[PDB]
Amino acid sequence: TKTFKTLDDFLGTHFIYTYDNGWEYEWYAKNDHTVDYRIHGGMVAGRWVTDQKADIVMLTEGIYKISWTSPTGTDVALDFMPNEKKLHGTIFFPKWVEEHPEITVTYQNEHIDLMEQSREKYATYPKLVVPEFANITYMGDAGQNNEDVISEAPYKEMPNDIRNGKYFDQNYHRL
């Protein structure tokens, strides 16, 4: 077990977690203004995102808050409490994402224009707000600016492969 104490301790960390609503997420603090993530279970499962710009601060010792807005229109605020293996996230979904979640299920980086066209075309209100705690199931020190971390679409067995030490090498690159 390592104690998370500084912003530097947190950056470069690679998380897997399950929300209290059953939803399984994966998230990486690439650097101090960039996040990658990959969704395994729930409404928008299969979706993954690299190079998302984000405000990342340490609130107080060992507690980390991350904010970003998405090309879909989705707003996010994550609070990591890694010394307790816990997280809290609020996701503010536009109405169209709840109605048509599969539109967002893709490699978003290749379909930015689709997301921007969708968010203006389809309904935004009422919003779906998902305020939930999560248990952290995996913590890896990937280092900052590591391109191998979230570099492919999710598959059924992927979270287990990572948790079991059968996905990355000693240097945290994929085999």
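Just count from 1 along the sequence shown to find any residue number.
**Q** Which is higher on mean Cα B factor in this entry, 113-121 or 66-74?
**A** Per the deposited B-factors, the answer is 113-121.
**Q** Going by what the PDB entry lists, where does residue 16 fall on CA B-factor within its chain: lowest, middle or highest third?
**A** Lowest third of the chain for residue 16's C-alpha B-factor.
**Q** Taking the entry's C-alpha B-factors for this chain, is residue 81 in the lowest, middle or highest third?
**A** For residue 81, the deposited C-alpha B-factor lands in the highest third.
**Q** Residue 139's Cα B-factor: lowest, middle or highest third of the chain?
**A** CA B-factor rank for residue 139: highest third.
**Q** Comparing residue 88 with the other modelled residues of its chain, is its CA B-factor in the lowest, middle or highest third?
**A** It falls in the bottom third of the chain.
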